[PDB]
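Residues per chain, in single letters:
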There are 2 protein chains.
Amino acid sequence: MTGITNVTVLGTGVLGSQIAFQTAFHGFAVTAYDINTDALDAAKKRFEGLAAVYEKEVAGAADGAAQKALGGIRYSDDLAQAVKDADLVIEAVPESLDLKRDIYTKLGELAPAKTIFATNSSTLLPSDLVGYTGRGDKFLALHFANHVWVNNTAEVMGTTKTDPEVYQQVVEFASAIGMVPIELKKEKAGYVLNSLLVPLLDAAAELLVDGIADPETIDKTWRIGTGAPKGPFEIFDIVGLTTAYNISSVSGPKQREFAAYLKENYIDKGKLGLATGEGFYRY
Amino acid sequence: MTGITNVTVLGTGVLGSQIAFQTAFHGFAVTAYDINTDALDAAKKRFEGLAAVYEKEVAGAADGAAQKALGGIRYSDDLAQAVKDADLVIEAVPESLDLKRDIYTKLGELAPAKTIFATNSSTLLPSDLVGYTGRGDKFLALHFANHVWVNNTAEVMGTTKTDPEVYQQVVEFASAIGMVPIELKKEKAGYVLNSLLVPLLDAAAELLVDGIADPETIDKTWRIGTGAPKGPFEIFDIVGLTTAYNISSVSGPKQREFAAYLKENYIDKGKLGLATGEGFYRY
Ligand SMILES: NC(=O)c1ccc[n+]([C@@H]2O[C@H](COP(=O)([O-])OP(=O)(O)OC[C@H]3O[C@@H](n4cnc5c(N)ncnc54)[C@H](O)[C@@H]3O)[C@@H](O)[C@H]2O)c1
Ligand SMILES: NC(=O)c1ccc[n+]([C@@H]2O[C@H](COP(=O)([O-])OP(=O)(O)OC[C@H]3O[C@@H](n4cnc5c(N)ncnc54)[C@H](O)[C@@H]3O)[C@@H](O)[C@H]2O)c1
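Calculation rules
- Residues numbered from 1 in each chain as written, not as in the entry; some residues may be left out.
- Chains lettered and ligands numbered in written order.
- Heavy atoms only, no water.
- Near = heavy atom within 4 Å.
- Polar contact = N/O pair within 3.5 Å; in protein donor to acceptor, adjacent residues only side chain to side chain.
- Areas by Shrake-Rupley, 256 points an atom, 1.4 Å probe, with all protein chains shown as cover.
- Helix = DSSP H or I, 4+ residues; strand = E, 2+ residues; numbered from the N terminus.
- Nonpolar A, V, L, I, M, F, W, Y, C, P; charged D, E, K, R; others polar.
- Buried < 20%, exposed > 50% of the residue type's maximum accessible area, 1.4 Å probe, protein only.
- Pairing = 2+ DSSP bridges.

Colleague: It is not clear to me how the site of ligand 2 should be interpreted in this structure. Could you clarify?
Modeller: Residue and element names in this part refer to chain B. Around ligand 2 sit 20 residues in total, of which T12, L15, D34, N120 and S122 are the nearest. The separation between an oxygen atom of ligand 2 and a polar main-chain atom of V14 is 3.1 Å. One of the side-chain nitrogen or oxygen atoms of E95 is found 3.0 Å away from an oxygen atom of ligand 2. For ligand 2, whose unbound accessible area comes to 820 Å², protein coverage reaches 73%. Every element with two or more residues in the shell around ligand 2 is listed here: α1 (14–25) and α5 (97–110). Per-element tally for the shell around ligand 2: the top contributor is α5, with three residues. Partitioning the shell around ligand 2 into residue classes produces 10 nonpolar, seven polar and three charged.

Quick look at the structure:
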């Protein structure tokens with residue numbers, strides 16, 4: 001047949017760069033798109049960093065293989081040229097409705113008929129975007145996790161409009177780039193992982209904010225009770241407290257009470273979690 | 001000082017027997033109370049079984065130590081005699097409000113002033129029972145997990161009335177019988193562990209019932225995403241599907257929809273989980 005060969009990634013931020021690099025590392029012809037030459041310069045820095053991480057952390061990356069993947073990546077700040085022969089476009093632009101709306105409007109026009117579109121969006125449903133694409137049969141979500149080389153799940157989630165054959169092609173692509181395809185059958189805000197994790201972290205937050213128990217007690221209870229390696233608060237530190245704060249602040253009232261607790265006790269003290277070396281725990 | 005030495009366990013069922021045995025194994029003077037001689041005969045069978053499990057599974061139980069703990073246990077079907085010199089009474093009678101109400105009414109009268117009372121209740125708050133005890137300062141919850149020798153958490157949870165010194169004595173007792181004391185500061189339905197686990201299992205159930213993803217997909221997502229050894233549905237099988245059914249049937253509407261799903265697809269087919277060798281998974 002034909003299969004996916006040319007992949008364009010829109011956006012070269014934290015996830016955009018990991019997606020493009022993982023994809024290049026697995027032999028696909030990757031184009032990295034971003035808005036201007038300065039953004040593309042930064043993208044190149046991220047790729048060089050990722051090549052270094054892979055050579056130390058990823059099977060098969062040693063002895064120049066990651067550096068070769070680095071060298072094969074194409075850079076473009078011209079959307080029309082970036083997607084001109086694209087089999088797959090993975091959209092990883094900022095989590096902005098209007099910004100994504102603008103992109104898919106243009107993308108739908110500029111991209112050849114064959115091109116499959118996939119959003120990496122965490123908070124926007126593909127149904128919120130499918131309209132702006134102009135090709136609902138070729139639109140779906142392909143959702144990655146930060147540090148794709150280790151957290152290698154790829155959540156595949158389409159709309160009722162998505163073409164079954166497109167879906168399966170994206171599933172095969174995901175396996176081809178070393179991911180574990182997590183196949184959703186219907187749209188769900190938060191996909192699978194976030195749908196499972198948020199309720200756990202919310203329950204932990206509630207226990208803390210209502211003064212039922214301290215973080216350490218809550219965590220050891222979870223590790224002993226389920227055999228899990230890390231408790232909810234260790235997980236908060238990994239997620240990053242700034243991130244947890246933002247998410248909780250736009251959630252229910254109990255979670256908003258947690259946000260204030262984070263803001264007062266951690267964020268305002270510079271204790272942001274694993275990143276700064278200290279959050280609920282000191283590292 | 002004095003400390004806890006004489007412990008009476010009320011009820012010799014699944015948890016009553018494990019509590020009494022773990023306590024006897026750690027050198028305390030244990031009396032096992034139950035309603036009649038036939039119940040006490042069954043209790044003795046459970047203890048003999050537990051001694052066997054310990055000798056294979058528990059450090060220090062080999063070479064007759066567990067058999068010696070077995071031999072030291074006293075049996076009583078006379079409540080007054082059973083608690084006559086009790087320092088601690090652990091209540092593990094059926095999860096029946098009126099049945100527990102009846103017990104604490106009598107217990108409060110028959111037990112010497114020194115006696116601390118602790119309920120192992122999963123669904124009834126100590127505040128729902130504290131009134132019937134007559135000694136609110138000496139009443140609190142000490143909540144164990146099935147298979148106490150491996151899941152060795154002991155959740156300690158009192159009322160506003162509970163005496164701080166009693167609480168700490170129960171904490172020390174818990175450590176003395178080889179448990180990890182999980183100290184709650186305020187009453188909370190479900191203590192810590194259940195408070196964390198139910199929301200996770202509910203979210204998994206919702207994903208299943210609404211047809212978002214299958215059990216296997218949901219489980220691998222959790223294991224990969226959090227590094228957990230077992231996913232929600234593996235956990236359901238361990239909990240037991242009959243149990244999950246009962247709990248879900250008296251929960252919210254989404255959970256009740258899950259109960260029906262369990263009833264139709266698993267319970268009615270004899271697939272009850274780990275116990276029967278097959279639930280969501282085949283073992
Ligand atoms: N950050 C995460 O952990 C995470 C997890 C899962 C999914 N995602 C999703 O990925 C996307 C965000 O990516 P990120 O946060 O990893 O990187 P980022 O948000 O830090 O970077 C955004 C990229 O898009 C570029 N960009 C900015 N404006 C643009 C525009 N107008 N047109 C095209 N590109 C533009 C930015 O310059 C940058 O290259 C969102 O859909 C987000 O929901 C992020
Ligand atoms: N089963 C669990 O996994 C679990 C977990 C945590 C806490 N608990 C709690 O422990 C108690 C239930 O114990 P279990 O389910 O492990 O054993 P069980 O319920 O199978 O056995 C109940 C024991 O109480 C006895 N009993 C019956 N009527 C009595 C009465 N009228 N007066 C005194 N004793 C009576 C029964 O004969 C038996 O000895 C409840 O408080 C329950 O919430 C159970």
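Colleague: Would you mind showing me how to read the pairing of strand β5 (residues 116–119) of chain B here?
Modeller: A regular strand carries its side chains on alternate faces of the sheet. All names here are of chain B. Here β5 shows no split at all, with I116 and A118 on one side and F117 and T119 on the other all buried. Examined bridge by bridge, strand β4 (residues 88–91) and β5 share four bridges and lie parallel to one another. The residue bridging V89 from the neighbouring strand is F117, located in β5. Bridge count for β5 against strand β6 (residues 139–143) is three bridges, and the pairing is parallel. Each residue of the ladder has a partner; that of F117, found in β6, is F139.

Colleague: Whenever I open this one, the site of ligand 1 confuses me. Can you help?
Modeller: Residues and elements named next belong to chain A. Around ligand 1 lies a shell of 20 residues, among which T12, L15, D34, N120 and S122 are the nearest. Contact distances for ligand 1 include 3.3 Å between an oxygen atom and a backbone N or O atom of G13. For ligand 1, an oxygen atom lies 3.0 Å from a polar atom in the side chain of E95. Compared with its free state, where it exposes 820 Å², ligand 1 has 73% of that area covered by protein. Within the residue set of the shell around ligand 1, elements represented by two or more residues are α1 (14–25) and α5 (97–110). For the shell around ligand 1, the element with the highest residue contribution is α5, accounting for three residues.

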